[PDB]
Amino acid sequence: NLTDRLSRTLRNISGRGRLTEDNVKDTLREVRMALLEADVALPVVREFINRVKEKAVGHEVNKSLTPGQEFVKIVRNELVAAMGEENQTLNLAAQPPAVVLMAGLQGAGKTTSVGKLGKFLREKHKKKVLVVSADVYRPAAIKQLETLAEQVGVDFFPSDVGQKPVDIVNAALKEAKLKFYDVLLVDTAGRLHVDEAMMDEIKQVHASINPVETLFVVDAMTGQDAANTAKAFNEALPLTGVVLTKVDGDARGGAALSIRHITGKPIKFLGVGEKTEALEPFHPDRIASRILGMXXXXXXXXXXXXXXXXXXXXXXXXXXXXXXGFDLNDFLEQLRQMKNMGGXXXXXXXXXXXXXXXXXXXXXXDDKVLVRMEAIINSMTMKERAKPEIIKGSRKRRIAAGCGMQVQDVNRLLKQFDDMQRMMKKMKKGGXXXXXXXXXXXXXXXXXXX
Amino acid sequence: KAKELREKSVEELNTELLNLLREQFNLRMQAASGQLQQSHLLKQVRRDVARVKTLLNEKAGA
Amino acid sequence: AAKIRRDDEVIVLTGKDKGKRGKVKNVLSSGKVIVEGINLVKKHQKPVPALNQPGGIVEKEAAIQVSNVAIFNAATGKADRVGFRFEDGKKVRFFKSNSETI
Amino acid sequence: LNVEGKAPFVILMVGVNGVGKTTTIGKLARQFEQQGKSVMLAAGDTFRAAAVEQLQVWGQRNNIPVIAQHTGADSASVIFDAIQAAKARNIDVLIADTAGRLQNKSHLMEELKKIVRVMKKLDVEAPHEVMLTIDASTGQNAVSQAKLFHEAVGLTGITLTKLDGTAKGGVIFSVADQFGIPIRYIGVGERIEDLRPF
Amino acid sequence: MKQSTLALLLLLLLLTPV
Amino acid sequence: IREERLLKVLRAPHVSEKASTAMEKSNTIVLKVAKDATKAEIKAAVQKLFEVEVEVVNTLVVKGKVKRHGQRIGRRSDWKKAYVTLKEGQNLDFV
RNA sequence: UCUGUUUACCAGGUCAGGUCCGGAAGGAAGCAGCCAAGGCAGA
Ligand SMILES: Nc1nc2c(ncn2[C@@H]2O[C@H](COP(=O)(O)OP(=O)(O)NP(=O)(O)O)[C@@H](O)[C@H]2O)c(=O)[nH]1
Ligand SMILES: Nc1nc2c(ncn2[C@@H]2O[C@H](COP(=O)(O)OP(=O)(O)NP(=O)(O)O)[C@@H](O)[C@H]2O)c(=O)[nH]1
Ligand SMILES: [Mg+2]
Ligand SMILES: [Mg+2]
Ligand SMILES: [Mg+2]
Ligand SMILES: [Mg+2]
Ligand SMILES: [Mg+2]
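Protein chains in written order, with the entry's author numbering: chain i, 4 to 453; chain Z, 2 to 63; chain V, 2 to 103; chain l, 286 to 483; chain k, 27 to 44; chain U, 2 to 96.
This is the structure:
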């Protein structure tokens with residue numbers, strides 16, 4: 004949670020006019036102690052913050068002379084170029100065959116990441132995927148891959164602990180070339196970088212498969228040893244890329260920076276939940292912005308994921324509002340669809356303009372509130388949903404009693420639907436550019452918060 | 002302040018005052034763009050200016 | 002020359018809280034003080050979405066006239082009245098009964 | 286650690302994803318069976334793919350009964366019934382697994398709390414032990430892990446794993462300084478004999 | 027598409043602070 | 002001119018649809034300036050402080066509206082607006 | 001004696017969603033949708 008420390012830091016800087024180099028210094032020190040609190044590659048903390056120090060001395064901006072915009076912009080863009088220079092769109096280069104391996108320390112997230120890639124590339128590539136587990140060591144690891152593969156709808160190549168990993172992956176590659184697959188995901192056992200028999204074993208594995216891609220998997224909570232791990236794995240194995248996992252934790256995962264300092268290999272993907280859908284393309288703009296608290300890249304990516312899962316359902320709510328007008332039917336459809344894409348952190352990060360006025364500790368529980376709405380509007384007869392104005396006291400007693408909640412809550416939800424009804428009408432009558440530009444941010448006077 | 006400023010020559014005061022004006026300009030430029038969180042800053046600088054000026058005078062006056 | 006100050010432990014002479022003791026949060030200009038656990042009122046708050054303020058009945062602490070609170074002597078366990086003397090060159094407060102400094 | 290005198294003595298295992306909970310449970314199971322204790326296992330990870338099977342395989346290897354349920358079932362349930370089968374077989378120690386969860390998710394922390402409440406409702410005195418598993422490659426983020434985990438389930442102990450690696454696991458110092466939570470064991474490999482006393 | 031962004035953006039959003 | 006005067010001229014960026022329109026289409030920015038400043042001094046002050054090239058500065062004076070607060074009739078203060086033409090050359094942006 | 005149709009909570013059954021108890025095992029009150037049904041108009 005750098006944003007607590009980095010917020011006091013870079014926000015402190017963004018206050019003071021024509022800042023002395025001393026609070027510049029102190030702020031750098033707090034970024035250092037902040038990344039030190041994040042257990043990111045402590046020597047690489049020192050290096051990074053020395054770089055930020057040298058960069059932050061002589062900048063001038065006519066737009067706004069504020070040095071805090073300079074520290075925020077510098078820390079951002081510098082973490083950006085050090086983390087691979089805005090590589091989101093690029094990802095991995097696809098050839099008609101592709102063979103990718105997942106390697107790294109015990110428990111970093113390799114098996115999970117393999118299935119995430121499977122799902123993601125299954126969606127984007129429109130092609131066929133085969134996966135295989137080279138892990139004969141961890142109990143039930145193969146079964147884990149089989150389960151994940153069955154869940155993501157990806158062909159699974161069987162293997163058991165009684166075999167040799169080389170023979171297994173050789174068989175897998177053979178079957179794959181025979182059955183005309185393209186993307187191949189090979190999940191390997193977790194291993195210490197200082198374990199020679201294992202590292203040799205998978206040097207042999209790589210030698211047998213001849214992969215186009217070797218991906219090192221990093222827990223974002225990985226410590227100072229990262230630079231030592233990445234190098235080791237890059238010296239024997241050598242890796243062509245990096246995946247950074249568990250970024251949904253408060254760990255800042257700048258260890259990958261060390262990993263990208265030694266290796267020089269791009270970081271392709273951000274693991275952002277425990278679910279298969281949780282593979283994101285990595286992007287330094289997104290991780291650095293995510294740290295800083297306000298983001299333009301993650302705003303366009305969460306509005307484009309919301310718009311992708313909600314396209315046919317907002318066109319279903321727009322067709323029913325074209326025929327019967329806006330009802331609790333079109334609203335309820337909006338509710339279930341809205342509950343399926345639901346998350347709060349990907350929503351507040353999309354809007355920096357509203358988060359500048361309100362506390363960043365603001366959270367509505369979407370899983371709670373949304374499903375509550377679905378439930379309450381599941382307690383209405385179809386006439387009350389298509390004709391909401393007839394909902395009365397006894398009706399709200401009935402609705403409140405049906406879902407096992409309070410009448411006040413139902414009042415609140417019908418209030419919400421009232422506001423969204425109005426908004427639907429205002430959107431209907433006015434031109435899109437006028438209705439979007441005429442929205443007012445009200446202060447009861449320019450004096451703030453009152 | 003004002004003991005601190007008192008021990009500086011007229012020139013360094015004249016470099017200080019211009020600095021303060023640049024800072025002031027920048028600050029109200031921020032406040033005008035609605036990007037300003039701490040408002041306590043305007044008053045800080047707006048008053049410091051006066052301090053400086055009030056010295057320049059007495060260094061010329063006597 | 003102000004007798005009752007922040008963080009003094011006081012005892013309440015008058016009102017529904019008569020006899021209760023507590024700690025001073027702050028003072029107000031009008032001669033009113035606000036004391037810990039003292040003079041709770043039940044206030045109704047219209048829920049405010051900007052401050053993420055829920056609604057409901059908030060028990061809050063309402064200002065009490067400073068004439069009504071006495072500085073609590075911990076030595077004697079009694080309410081006291083206060084006076085001023087000069088010790089060192091500094092102006093200091095003391096209890097009238099045992100004439101000991103604070 | 287003293288596991289003596291309870292029917293059973295129940296130990297809850299907590300920690301974030303991938304730290305070594307399920308393997309550690311295996312190791313402890315061995316360690317205490319070596320001391321003549323009768324031990325059984327709760328697979329309290331009913332969430333992650335093969336999270337129960339993995340422990341069941343460990344218990345199969347160690348001849349230690351593992352209570353098990355379906356994927357999608359309740360973890361706390363398997364833990365309770367595990368305490369019950371534990372009592373039924375007249376054993377000293379049950380070791381309750383839990384699904385990995387990031388400490389800052391904070392609903393899952395509440396899931397752990399629920400588990401605790403469960404073990405409380407079977408045996409009024411249990412669990413007497415809550416142990417947090419920390420990875421050695423981890424660090425000052427595991428400070429915060431110790432914070433939300435201790436704030437949640439009231440940890441009585443800590444086991445640091447993967448100390449056979451190059452990582453010194455120094456973050457312990459900052460944790461133990463803060464919460465005064467005693468370090469119990471250090472995991473030094475992936476086999477059953479790889480547990481050591483701190 | 028547009029109407030998606032329009033609707034759901036200030037739907038989710040406008041629901042949170044208002 | 003003296004620089005000390007300059008830094009006192011330009012109050013604030015003027016934000017509105019007309020403003021945005023000219024800024025995009027004709028390459029022109031819109032300023033609230035001190036009531037007494039002149040085209041000379043505004044040309045000078047932009048060219049100096051934003052360090053970009055001014056072509057010409059057109060101005061007008063806005064009479065403040067008349068308002069009522071609690072029956073009382075007040076008068077919002079006057080002020081001066083300046084349309085400031087930059088040559089196609091420079092590209093002025095809000096970061 | 002059959003057809004359409006309607007009839008929010010306050011006849012009945014199923015009772016999704018959600019919600020109470022429990023750790024679970026599982027029960028449970030029951031909104032909505034469906035079916036009788038209350039009818040009636042037409043026969
Ligand atoms: N919250 C969260 N959990 C993740 C993420 N990626 C993986 N995990 C989780 O972390 C744990 C370890 O993942 P797993 O795939 O077994 O890692 P592994 O590297 O294959 N382990 P091993 O080295 O034993 O083979 C699993 O609980 C899993 O669900 C992520 O991006 N976010
Ligand atoms: N080298 C080494 N590896 C260990 C040690 N302890 C556990 N591991 C390993 O780390 C990986 C994850 O272990 P596991 O027991 O599945 O961890 P978990 O915390 O139960 N994972 P989840 O949160 O997904 O349930 C396994 O490969 C395992 O062999 C250790 O002391 N040393
Ligand atoms: Mg694995
Ligand atoms: Mg486990
Ligand atoms: Mg002209
Ligand atoms: Mg004119
Ligand atoms: Mg006036």
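Note that the Cβ used here is the ideal one computed from N, Cα and C, for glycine as well.
- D288 (chain i) carries a helical assignment under DSSP once its states are collapsed to helix, strand and coil.
- In this structure, the CA atom of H70 (chain U) is about 15 Å from the CA atom of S78 (chain U).
- Close partners of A51 (chain Z) in chain U (Cβ separation under 9 Å) are lacking, with about 14 Å as the shortest Cβ gap.
- By DSSP's assignment, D81 (chain V) forms a beta bridge with V:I72.
- When rounded, the separation of the alpha-carbon atoms in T441 (chain l) and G472 (chain l) is 18 Å.
- At a C-beta separation below 8 Å, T423 (chain l) has these neighbours in chain i: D42, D222, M224, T225, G226.
- Check the Cα spacing between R22 (chain V) and each of V:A51, V:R82, V:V93, V:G78: the tightest is with V:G78.
- Within the region 52-70 of chain i, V64, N65, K66, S67 place their CB atoms closer than 8 Å to a CB of chain U, listed in sequence order.
- Only exposed fits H128 (chain i), as fewer than 16 other CB atoms lie within 10 angstroms of its CB.
- Residues close to ligand 7 by the beta carbon criterion (under 7 Å to any non-hydrogen atom) are, from first to last along the chain, U:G75, U:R76, U:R77, U:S78.
- Shown here for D253 (chain i): same chain residues with a beta carbon closer than 7 Å to its own, the five before and five after excluded, namely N4 in chain order.
- For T444 (chain l), not one C-beta of chain i is nearer than 8 Å to its own C-beta.
- Look at the beta carbons and you see the region 342-362 of chain l not touching the region 86-94 of chain V: under three pairs across the two are nearer than 8 Å.
- Close to ligand 5, as judged by a C-beta nearer than 7 Å to any of its heavy atoms, are the residues U:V57, U:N59, in chain order.
- Nearest neighbour of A381 (chain l) by Cα position, chosen from l:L326, l:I457, l:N375, turns out to be l:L326.
- Looking at the DSSP output, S136 (chain i) bridges to i:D190.
- Annotation for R7 (chain Z): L56 place their beta carbon closer than 8 Å to its own, counting only its chain and skipping 5 residues before and after.
- For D330 (chain i), not one C-beta of chain k is nearer than 8 Å to its own C-beta.
- At a beta-carbon threshold of 9 Å, the residues of chain i lying near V96 (chain U) are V64, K66, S67, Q72, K76, ordered along the chain.
- Judged by DSSP in its simplified three-state form, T86 (chain U) adopts strand.
- The continuous beta strand (DSSP E) containing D420 (chain l) extends over residues 414-420.
- Three or more beta-carbon pairs separated by less than 8 Å are not found between the region 29-38 of chain U and the region 31-40 of chain k, which leaves the two stretches without contact.
- Secondary structure of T6 (chain i) (DSSP, three-state): helix.
- At a cut-off of 8 Å, the C-beta of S40 (chain Z) has no neighbouring C-beta in chain U.
- Contact between the region 14-30 of chain i and the region 396-413 of chain l is not established, with fewer than three Cβ pairs separated by less than 8 Å.
- When DSSP states are grouped into helix, strand and coil, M86 (chain i) belongs to the coil group.
- Pairing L379 (chain l) with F294 (chain l), the inter-Cα distance amounts to about 6 Å.
- With the criterion set as a beta carbon lying under 8 Å from some beta carbon of chain i, the members of the region 36-54 of chain U are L50, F51, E52, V53, in sequence order.
- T248 (chain i) sits away from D288 (chain i), with the two beta carbons spaced by 8 Å or more.
- Annotation: the continuous alpha helix (DSSP H) that includes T115 (chain i) extends over 113-128.
- When 8 Å is used as the limit between beta carbons, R23 (chain Z) is near these residues of chain U: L8, in chain order.
- Counting along the chain, no alpha helix (DSSP H) covers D222 (chain i); the unbroken beta strand (DSSP E) around it starts and ends at 216-222.
- Spatial neighbours of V288 (chain l) in its own chain (CB-CB distance under 7 Å, excluding positions within 5 residues in sequence) are listed in chain order as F294, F317, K322, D377, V378.
- Spatial neighbours of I294 (chain i) in its own chain (CB-CB distance under 7 Å, excluding positions within 5 residues in sequence) are listed in chain order as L5, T6, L9, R255.
- Using a Cβ-Cβ cut-off of 7 Å, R21 (chain i) is close to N20, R23, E24 of chain Z, given in chain order.
- Counting only runs that start and end inside the region 6-77 of chain i, the alpha helix (DSSP H) elements of at least 4 residues fall at 24-40, 45-58.
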